[PDB]
Amino acid sequence: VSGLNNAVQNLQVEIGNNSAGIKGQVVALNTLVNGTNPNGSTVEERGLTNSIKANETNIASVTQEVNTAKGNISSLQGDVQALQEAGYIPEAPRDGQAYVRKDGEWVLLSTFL
Amino acid sequence: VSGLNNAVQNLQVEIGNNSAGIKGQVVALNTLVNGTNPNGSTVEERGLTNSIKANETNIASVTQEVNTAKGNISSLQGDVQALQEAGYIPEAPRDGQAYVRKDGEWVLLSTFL
Amino acid sequence: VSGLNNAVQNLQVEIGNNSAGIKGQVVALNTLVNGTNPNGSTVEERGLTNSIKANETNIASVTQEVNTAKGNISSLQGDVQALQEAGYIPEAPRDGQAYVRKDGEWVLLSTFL
Ligand SMILES: [Cl-]
Ligand SMILES: [Zn+2]
Ligand SMILES: [Zn+2]
Ligand SMILES: [Zn+2]
């Protein structure tokens, strides 16, 4: 019987317990997956599963804001395009003289008066 | 032999089957990791691995759009800076009178005519 | 003893080794979780844990840029609102004639001169 007592004992050491052996490695695997504290700070605390689910919703969120902003900037580009194509005129010289508008330039009123 | 029959039976219950024991806990671990349905909605359906890979590419994507938008807004800020520094003039009073441009103000033409 | 030799051998095949059995499935599970090469390209290379932690910081980052850009565009919308509400005037006709400002329109100076 001493051979089977041997072999049997080897398998016990082998399956191990919560702290060692196959049973110890699997306990650690489930601890990591599930997590210690769901409202925890770390990935290990939350567990793999909860961390993946969180990243998921956060990505989804940033994406929504990014779709909204892209739209805002498109309207912004059109607003600026409009102002640029408006053909506004810049201030006339400030030199104590009166000016009027002719062919793109600002001309001295006194040249007609 | 009754002691070894004992010990042996204990290890069987211990390794368990697909539904229980160490074999049951590991089956669940591989189910979660791999997934039930890859084109599935949930993290558990897709499996941990596929979920992490997905978040990965999605992050990468939002990042590209965010780099592109940042550039668009930089050109926008310069376009607005330009329009602000242009020195355009605002509408002259609407009061039935003619005005001309002198030193920042709008002056009545009749003051020269 | 041949029955227990039987049962014992079955459990050995069952716990298996690094390559097969329960011991083989758990070895693979820990390989995937931890990773082969942390500065590796793939999710499997980095390990599940390191991949989740990475996605995490990257999401956090894109989020910061997205908060900053949103602010930039808000100031941009106000800058454009301001320019639009300014009431600037567009270029006067380019036809060899002098013009002055009256009631929204550009009038020929010669109509007073
Ligand atoms: Cl993730
Ligand atoms: Zn000229
Ligand atoms: Zn004045
Ligand atoms: Zn008219």
Side-chain angles (χ1 to χ4, degrees), chain A residues 67-113, chain B residues 68-113, chain C residues 67-113:
Chain A
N67 281 146
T68 306
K70 288 200 309 163
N72 283 328
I73 87 110
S74 279
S75 61
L76 279 172
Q77 302 177 321
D79 286 349
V80 173
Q81 226 94 359
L83 287 157
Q84 301 177 125
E85 294 308 314
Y88 291 134
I89 48 156
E91 191 52 84
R94 290 159 160 271
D95 58 16
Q97 306 178 77
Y99 291 85
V100 301
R101 247 300 123 140
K102 173 176 158 64
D103 309 315
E105 300 185 17
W106 272 118
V107 178
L108 292 173
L109 168 67
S110 48
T111 304
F112 305 87
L113 187 95
Chain B
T68 306
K70 288 200 309 163
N72 283 328
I73 87 110
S74 279
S75 61
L76 279 172
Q77 302 177 321
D79 286 349
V80 173
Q81 226 94 359
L83 287 157
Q84 301 177 125
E85 294 308 314
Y88 291 134
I89 48 156
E91 191 52 84
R94 290 159 160 271
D95 58 16
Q97 306 178 77
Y99 291 85
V100 301
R101 247 300 123 140
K102 173 176 158 64
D103 309 315
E105 300 185 17
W106 272 118
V107 178
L108 292 173
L109 168 67
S110 48
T111 304
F112 305 87
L113 187 95
Chain C
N67 281 146
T68 306
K70 288 200 309 163
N72 283 328
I73 87 110
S74 279
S75 61
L76 279 172
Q77 302 177 321
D79 286 349
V80 173
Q81 226 94 359
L83 287 157
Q84 301 177 125
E85 294 308 314
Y88 291 134
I89 48 156
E91 191 52 84
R94 290 159 160 271
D95 58 16
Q97 306 178 77
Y99 291 85
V100 301
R101 247 300 123 140
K102 173 176 158 64
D103 309 315
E105 300 185 17
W106 272 118
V107 178
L108 292 173
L109 168 67
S110 48
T111 304
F112 305 87
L113 187 95

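In what follows, every heavy atom counts, from backbone to side chain, and hydrogens, waters and symmetry copies are set aside. In the text below, chain A, chain B and the rest are named by the order of the sequence lines, each starting its count at 1.
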How far apart are the closest heavy atoms of A:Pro90 and B:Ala86, and which atoms are they?
CB-O, 3.6 Å

C:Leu76 and B:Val80: which non-hydrogen atoms are nearest, and at how many Å?
CD2-CG2, 4.0 Å

With salt bridge (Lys or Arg N to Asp or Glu O under 4.0 Å) as the rule and sequence neighbours excluded, what pairs involving residues 69-87 of chain C come up?
none

Over all heavy atoms of both residues, which pair between B:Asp103 and A:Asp95 is shortest? Give the atoms and the distance, please.
OD1-N, 3.4 Å

The reported gap from CG in A:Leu113 to CG in C:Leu113 (rounded to nearest 0.5 angstrom) is 6.5 Å

Between C:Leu109 and B:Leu109, is there a side-chain heavy-atom distance shorter than 4.5 Å?
yes

Would you compute the distance between atom OH of A:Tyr88 and atom CG of C:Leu83 and round it to the nearest 0.5 angstrom?
8.5 Å

Give the minimum heavy-atom separation between A:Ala98 and B:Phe112, together with the two atoms involved.
CB-CZ, 3.8 Å

Residue list, side-chain hydrogen bond (donor to acceptor under 3.5 Å, both in side chains) with B:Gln81, at least two apart or on another chain:
none

List for me each residue that meets side-chain hydrogen bond (donor to acceptor under 3.5 Å, both in side chains) alongside B:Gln77, sequence neighbours excluded, and say none if there are none.
none

Would you mind reporting whether A:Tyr99 and A:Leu108 have side-chain heavy atoms less than 4.5 Å apart?
yes

How far apart are the closest heavy atoms of A:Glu105 and A:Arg101, and which atoms are they?
O-NE, 3.1 Å

Minimal heavy-atom distance between C:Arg94 and A:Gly104, with the atoms involved, is NH2-CA, 3.3 Å

